[PDB]
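Here's a solo chain for you in structure tokens, the form deposited in one PDB entry.
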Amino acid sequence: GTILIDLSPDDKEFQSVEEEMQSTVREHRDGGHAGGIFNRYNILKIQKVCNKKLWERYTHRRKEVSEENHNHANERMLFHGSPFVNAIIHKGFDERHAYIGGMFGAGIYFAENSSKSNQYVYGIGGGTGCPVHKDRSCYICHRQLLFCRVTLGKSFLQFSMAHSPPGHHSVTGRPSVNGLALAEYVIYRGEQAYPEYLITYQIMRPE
């Protein structure tokens, strides 16, 4: 049921998605080990992901959360990187996309920093890197990220599939050492995220 629609680079919607991608790159404490060494991306394509069934699944859960939280879904746009991006956009988020060993428990993880999600494109810790060259810092191979609509509801703040903490709908991982890191978030129900944009890109080698 999924259709992908290409956005033109001249479309303001392409341009606002690209700007969120580029502007939320940061340096990482692994010195690039997981995701590669770069300061910016070459964006190759941005597609809108359309699936009526998955969208309705998302909005149904969104209303349930809103009604549990004084009519406030606390909806964000967040990045998600995964070797399973193709199953996600076709069949939706579920248990198979959860991070069993995650430091906030076995939920599905999202990030404000696109470069954090980039570290997961080839798996946990960047796995063995790109399939072609076995390079976590490959500048040639095309990578993909999702830019997702996520319902946080009442989020449990951690300074630093399972269930979220009693009385909450998500967990927020607040950056507490690295003053430049943005927040990361975890949801415990696949229905609390919708993959809105599929972004195809390369990381760029700094000059």
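Definition used throughout: the rigid core is the maximal C-alpha set that superposes within 1.5 Å between two forms. All residue numbers refer to positions in the sequence shown, first residue = 1.
Just so it is clear, the following notes concern the form deposited in another entry, a form of the same protein that is not shown.
Student: Which of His90, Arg96, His133, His72 has its C-alpha displaced by 2 Å or more between this form and the one not shown after core superposition?
Tutor: Only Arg96 moves by 2 Å or more at its C-alpha.
Student: If I superpose the two forms on their rigid core, does the C-alpha of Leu180 end up displaced by 2 Å or more between this form and the one not shown?
Tutor: For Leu180, whose C-alpha is compared between this form and the one not shown after core superposition, the shift is 2 Å or more.
Student: Compared with this form, is the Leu180-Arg40 Cα separation smaller or larger in that other deposited form, the difference being 3 Å or more?
Tutor: The answer is farther, because the C-alphas of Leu180 and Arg40 separate from each other in that other deposited form by 3 Å or more.
Student: Tell me whether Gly126 and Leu180 end up closer or farther apart in that other deposited form, going by their C-alpha atoms; the shift is 3 Å or more.
Tutor: Here the pair is farther apart than in that other deposited form; there, closer.
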